[PDB]
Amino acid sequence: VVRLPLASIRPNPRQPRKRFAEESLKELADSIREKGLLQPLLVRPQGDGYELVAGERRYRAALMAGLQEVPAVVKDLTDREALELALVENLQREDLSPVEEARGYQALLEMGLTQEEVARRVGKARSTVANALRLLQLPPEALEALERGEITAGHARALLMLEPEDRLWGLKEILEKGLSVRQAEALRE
């Protein structure tokens, strides 16, 4: 381990995640050039025309495909509803990390919803929503380790049982020693 100047470290040119998104976007586009759009886009009225409300990839693939017209569903939605829909469709993706899940629920709450309505809108128990929100009181590095898959939701819950000022220390212990959730619970002392 050494100390290097940031100015002498260039970004990682390998971005497989981005490459995969572009590949699949193109593959979706190629397919619709033939049969047109799969399922309806969701839009709302805006000025002279419309504004996309749901189906961004579907929408962008249609553009790549060079289509002139696409099937859609027009619905009068206020800015607030459009945002709520954006958050909800996002929370349904197989893409969701538990941290993003929590940020989504929190955003819905800030918009005036209750855990109940949130839970309903997403199809989960109120307790599931409350438990996800708790993750947001963890320090940023603990949430990053969770997203990287270096620790589990269980490790995170154990860290929440430690006093705030001991959480980083606890995180290090878990990472350095490959602790299980059970042993992370033993860290309290």
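Start at 1 with the first residue shown and count on from there.
Asks: Which of the two stretches, 113 to 121 or 91 to 99, shows the higher mean Cα temperature factor in the record?
Replies: Of 91 to 99 and 113 to 121, the stretch with the higher C-alpha B-factor average is 113 to 121.
Asks: Where do the C-alpha atoms have the higher mean temperature factor in this entry, in 149 to 157 or in 62 to 70?
Replies: The stretch with the larger mean CA B-factor is 62 to 70.
Asks: Hey, out of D30, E163, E141, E56, whose CA B-factor is highest in the deposited coordinates?
Replies: Result of the comparison over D30, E163, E141, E56: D30.
Asks: What third of its chain's C-alpha B-factors does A130 belong to: lowest, middle or highest?
Replies: Within its chain, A130 is a middle-third residue by C-alpha B-factor, going by the deposited values.
Asks: Using the B-factor values recorded in the entry, state whether the Cα atom of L41 falls in the lowest, middle or highest third among the modelled residues of its chain.
Replies: Ranked within chain, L41 CA B lands in the highest tercile.
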